[PDB]
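Colleague: Give me coordinates for this.
(chains A and B, ligands or ions: 1)
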Amino acid sequence: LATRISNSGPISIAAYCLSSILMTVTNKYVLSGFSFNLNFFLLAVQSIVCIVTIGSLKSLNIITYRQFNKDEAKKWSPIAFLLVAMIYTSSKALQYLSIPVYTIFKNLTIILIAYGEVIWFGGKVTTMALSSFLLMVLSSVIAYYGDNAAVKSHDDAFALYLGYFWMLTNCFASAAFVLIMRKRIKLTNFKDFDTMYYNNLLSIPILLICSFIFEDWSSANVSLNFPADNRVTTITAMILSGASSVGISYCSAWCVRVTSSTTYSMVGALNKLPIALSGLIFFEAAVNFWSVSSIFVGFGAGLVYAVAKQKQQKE
Amino acid sequence: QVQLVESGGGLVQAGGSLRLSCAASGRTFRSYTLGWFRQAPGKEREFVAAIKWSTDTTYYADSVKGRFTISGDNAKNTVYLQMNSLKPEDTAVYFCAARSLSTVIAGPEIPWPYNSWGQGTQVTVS
Ligand SMILES: Nc1nc2c(ncn2[C@@H]2O[C@H](COP(=O)(O)OP(=O)(O)O[C@H]3O[C@H](CO)[C@@H](O)[C@H](O)[C@@H]3O)[C@@H](O)[C@H]2O)c(=O)[nH]1
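Modeller: Numbering: from 1, shown residues only, chains lettered A, B, ... in the order given. The protein structure is shown below:
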């Protein structure tokens, strides 16, 4: 029976889409809170859960990756730092911004990635790709007006500006992580999961130390973050978030193996709309002319670019 | 540190009126639902009222409909809970709980989605 499901096409895409939604909803649940401040601690727990999960699977012979080598970690530390900066600014941006606004704002990353490659990696941008970049700038502008239509005090606007600062920094940190990691993967030759294994190995020590220096580790503050009554729910949300990162990685390699890479690029772009709607259903998000049309213009822009890369790779 | 602080509790004769507040020592109540619970001396926590900050939609408990009035002043990030015609049974510690999840997944009367809580204030009615 397991063989029948293994080769299925529809199942491979359903598992990936549900694991992507699971990651966003649980991450947003813990992050939002009201008194949550320990962002570094949360990221450290998610990384520890990832290392324990893959360590469990490899023991049972469901996933194969390399064996840690000290000489192989000194050449991967720079990418560990770039991962720390990317995830942290992603938690801050998601903490202050809604899930829909965050998702479309994340499309600004591929503008920096695509134009990052032309300067150094010798790539090019076709007319379809350029037409997309304009639509994702338009979606960004509309969404900014969507949030700004509900702020009427000195506060509730400085919160927006903090959300945009952490979002813009995360855009430049995600572009840097993708480009640099691409440059170094030629040197290291990691293939399927060892890239995730080292990422979540070095990320753990860095996050733990950064939590000690930056976050407030006191008796009072810890009580605010994790009230005794709501400990069980918060802990279960953190565990599901960490194990959802492994679930998406295993279901992504699963999707590519069955339905090729052509369908996986379109599945990632199409899945953005379910991720955005999950914010409206699960959390209180503003609904109006600007915000609703921002989801569909930012969705159309992502779809057009995905078709643009599909055309470029064809020839 | 972000904490919710209540004020206005005290002792009031039966049939009187009172007002309680729930301020914030940090971020704003935008995109949150604020609820008011009560813990009688020897019973469990009970829902009293709730309000959605942005859309100002209020959900009221069964036994406090037509007596209480939860309202929100957007100019100071404070949530009020007027109490009228208090019966002696209202004696309890009133807590304020912030929340982010939506009412679709869990009802407004369920405590688990409430991820923050204030210390609370003793309200006594004789
Ligand atoms: N959300 C999420 N995405 C994940 C996760 N793990 C991996 N991914 C995503 O899965 C993809 C993995 O692709 P890589 O193996 O990193 O390929 P790449 O470096 O993006 O490849 C690029 O460069 C090649 C050479 O220039 C190109 O051939 C290729 O098309 C692409 O542009 C990336 O989009 C990555 O973000 C996870 O846990 N969560």
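Colleague: mind listing the strands in chain B by residue range?
Modeller: For chain B, the strands defined by DSSP state E occupy B:4-7, B:11-12, B:17-24, B:33-39, B:45-52, B:58-60, B:68-73, B:78-84, B:92-97, B:121-125.
Colleague: Now the closest residue to the ligand within chain B: closest residue in space, sequence neighbours ignored.
Modeller: As assessed by CB to the nearest ligand atom, the ligand sits closest to residue B:100 within chain B, at 22.2 Å. Backbone N, C-alpha and C define where each C-beta goes, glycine included. Nearest residue to residue B:100, sequence neighbours excluded (CB to CB, 6 or more residues apart in numbering or on different chains): residue A:32, at 4.1 Å.
Colleague: related to what we said a few turns ago, any chance of the strands of chain B in TSV, plus mean neighbour count and distance to the ligand?
Modeller: Shown next, in TSV, are the strands of chain B (neighbours: other CB atoms under 10 Å in any protein chain shown; distance: least, CB to the nearest ligand atom, whole Å):
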stretch	mean neighbour count	distance to the ligand
strand B:4-7	18	34
strand B:11-12	14	55
strand B:17-24	19	33
strand B:33-39	23	29
strand B:45-52	21	31
strand B:58-60	16	36
strand B:68-73	17	37
strand B:78-84	19	37
strand B:92-97	22	32
strand B:121-125	17	45
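Colleague: For residue 118, list the residues it contacts.
Modeller: Answering for chain A, as no chain was given. Neighbour list for residue A:118: A:124-125 [criterion: CB atoms under 8 Å, 6 or more residues apart in numbering or on different chains].
Colleague: oops, I was thinking of chain B
Modeller: Residues in contact with residue B:118 (CB under 8 Å, 6+ apart) are B:3-6, B:22, B:95-97.
Colleague: repeat that with 7 Å
Modeller: Contacts here follow CB atoms under 7 Å, 6 or more residues apart in numbering or on different chains; on that basis residue B:118 touches B:3-6, B:22, B:95-96.
Colleague: again with residue A:308
Modeller: Contacts for residue A:308 (CB under 7 Å, 6+ apart) come out as A:126, A:128-129, A:132.
Colleague: In those residues, find the pair that's most separated.
Modeller: The distance between the two most remote of the contacts of residue A:308 (CB to CB) is 9.7 Å, for A:126 and A:132.
Colleague: okay, those two: which has more neighbours?
Modeller: Between residue A:126 and residue A:132, counting by other CB atoms under 10 Å in any protein chain shown, residue A:132 is the more crowded of the two (26 against 13).
Colleague: For that one, give its distance to chain B.
Modeller: 30 Å (CB to the nearest CB, to the nearest Å).
Colleague: Spatially, what comes nearest to that residue if we skip its sequence neighbours?
Modeller: residue A:305 (3.7 Å).
Colleague: can you tell me which residues contact the residue most central in space within chain B?
Modeller: Centroid-nearest residue in chain B: residue B:36, 2.2 Å away (criterion: CA atoms, centre = their mean). For residue B:36, the contact set (CB under 7 Å, 6+ apart) comprises B:48-50, B:70, B:81, B:94, B:96.
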